[PDB]
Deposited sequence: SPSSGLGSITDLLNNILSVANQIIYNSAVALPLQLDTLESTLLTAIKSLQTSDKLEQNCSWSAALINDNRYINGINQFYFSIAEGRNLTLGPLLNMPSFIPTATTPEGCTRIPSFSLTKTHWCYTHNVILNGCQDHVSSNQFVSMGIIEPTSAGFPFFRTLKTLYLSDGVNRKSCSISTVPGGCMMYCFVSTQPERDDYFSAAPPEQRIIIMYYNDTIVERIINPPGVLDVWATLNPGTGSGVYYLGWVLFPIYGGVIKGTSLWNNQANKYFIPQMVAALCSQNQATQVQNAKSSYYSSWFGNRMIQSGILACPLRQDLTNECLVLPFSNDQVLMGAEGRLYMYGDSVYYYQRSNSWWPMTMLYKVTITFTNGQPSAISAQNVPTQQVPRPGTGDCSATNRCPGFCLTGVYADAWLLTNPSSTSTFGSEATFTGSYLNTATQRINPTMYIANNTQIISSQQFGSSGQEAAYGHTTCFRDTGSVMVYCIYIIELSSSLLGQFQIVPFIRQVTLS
């Protein structure tokens, strides 16, 4: 025996966790495609046939991943609005794409890039349709501008059937002051349907009052998973709470640190433990996690807050959730001591139809660094307390689970700021665990930039993968920043 059931009961995990959920996923797509072929209708809000089957997947096998190269930039009419004054500040994009449609949002501040009193939030939704030269056009089918005195900040957006769910917090003071007060900022979820119904709810997740000093959405896309909307969150946890106590003495050091940090192992461990706690931000434990909301117009306390185990994950930061086939993935901003791209496979367990636990498996990487200040520049390799960095997510082009060891040879794409400490030199790239294998810098040396959001998808007609690279660029002319959706091909060379 022994050897007989092992591979068989392993073939049942494959049968149940990859084979059947793929058949179901594929099933949903062919029926969707079948539905559109049956007063601007909501059935206008469906992507071209060419893309419905090429969204939220790993597009390349491990072998193909070796030969990937960036095509040249393609010109399309940007769906992202710019500022119309020099001091107008458009920042903090969030972008989500499903089989049917996409959602986009960003924050607008009228005068400069700091304002804890008033801002507005632009939202749009639309579809992808092919042009004449074959390449995609992001067709906006609706916009909204939430401008009503509620300072909605750090918003994450996700597609839902029929429209968008956006998750925001309401800013009334400087970020540091949120870490020091005991009560958290107000949390809101806004649902915006293509049929023009808009319902906004102030939400009260259990386990948040008197536990989390502050709580923010991660700014990167949420995802629609099993009838729930999952959003990335982070914040500050108060001392002496159960969550705090349950997280005590936990730390996570990524697989490739040991060979790169010459500091002694015991000191690495003590430094890594100390890295989840910020004296600057009110002596709170800085915590990443997921917020799970059921898709309902009647929301109050049904949303769940689920923290990641600090054994599995770095200090709390902005982030993004993804769906690749049937697995959920999490990008965590590197706001701590490890300056390399952080991607995890997230296992979610439901109990009584509800998410009750999450678990994170890192894709071990030493590639694509991020600028930071002080002792936590792109060159640091050693655990310690750091509170600095920048958002730069990454899209997985190959399946980390395709290798016998998880993520042994992983391939991903995104943008990054190629410098040690400054926010300059935005560079689009494709990378593996150890090396950048394809790269093109945008603009001249010293060109300023900030956050970068990357999303890829396949035209199943031309069998082509495109990636959109949404980058905040410093504008010399109009606006402090111009959020640009670069689009280009990821080609098998």
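Colleague: Going by C-alpha coordinates, which parts of the deposited sequence are missing from this model?
Modeller: Going by the record, the segments left unmodelled (no C-alpha atoms) fall at 1-11, 50-58.
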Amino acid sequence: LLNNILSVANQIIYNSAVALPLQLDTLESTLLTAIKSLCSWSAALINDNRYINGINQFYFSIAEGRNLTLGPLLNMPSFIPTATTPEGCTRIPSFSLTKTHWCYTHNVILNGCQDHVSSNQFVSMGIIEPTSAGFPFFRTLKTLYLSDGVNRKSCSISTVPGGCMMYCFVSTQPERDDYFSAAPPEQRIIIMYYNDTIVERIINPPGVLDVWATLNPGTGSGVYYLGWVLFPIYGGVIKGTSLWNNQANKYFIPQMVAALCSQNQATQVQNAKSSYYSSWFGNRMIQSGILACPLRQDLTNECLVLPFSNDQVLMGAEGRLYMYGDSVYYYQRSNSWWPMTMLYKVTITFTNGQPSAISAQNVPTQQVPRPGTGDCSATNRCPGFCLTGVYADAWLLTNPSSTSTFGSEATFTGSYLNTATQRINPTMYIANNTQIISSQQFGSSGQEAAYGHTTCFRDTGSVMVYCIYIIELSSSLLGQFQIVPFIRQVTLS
From here on, numbers count along this sequence of modelled residues.
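So that the term is clear: the rigid core is the largest set of C-alpha atoms that superpose within 1.5 Å between two forms.
Colleague: Given a rigid core fit, name the stretch, 262-270 or 341-349, whose C-alphas are on average farther from the form shown here in 6 other deposited structures of this protein.
Modeller: Checking 262-270 against 341-349 in 6 other deposited structures of this protein, I find the farther stretch is 262-270.
Colleague: Taking the other PDB entries of this protein that cover both neighbours, check whether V117 lacks coordinates in at least a third of them.
Modeller: Missing in at least a third of the others, so yes.
Colleague: Pick between 111-119 and 151-159: the one whose mean CA B-factor in the entry is higher.
Modeller: Between 151-159 and 111-119, it is 111-119 that shows the higher mean C-alpha B-factor.
Colleague: Per the entry, where is the mean C-alpha temperature factor higher: 213-221 or 294-302?
Modeller: The stretch with the larger mean CA B-factor is 294-302.
Colleague: So if I compare the CA B-factors in the entry for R370, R201, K239, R91, which one is the largest?
Modeller: Highest CA B-factor of the listed options: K239.
Colleague: Which has the highest CA B-factor per the PDB entry: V465, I55, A431, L27?
Modeller: The C-alpha B-factor peaks, among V465, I55, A431, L27, at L27.
Colleague: Within this chain, which third does the Cα B-factor at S356 fall in: lowest, middle or highest?
Modeller: Ranked within chain, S356 CA B lands in the highest tercile.
Colleague: Determine, from the deposited record, the chain-internal third of the Cα B-factor for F180: lowest, middle or highest.
Modeller: Highest third.
Colleague: With respect to C-alpha B-factor, does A449 fall in the lowest, middle or highest third of the chain as deposited?
Modeller: It falls in the bottom third of the chain.
Colleague: Select lowest, middle or highest to describe the third in which the CA B-factor of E409 falls within its chain in this entry.
Modeller: Top third by C-alpha B-factor.
Colleague: Per the entry's values, where does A83 land by CA temperature factor relative to the rest of its chain, in the lowest, middle or highest third?
Modeller: Its C-alpha B-factor, which the entry lists for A83, ranks in the lowest third among residues of this chain.
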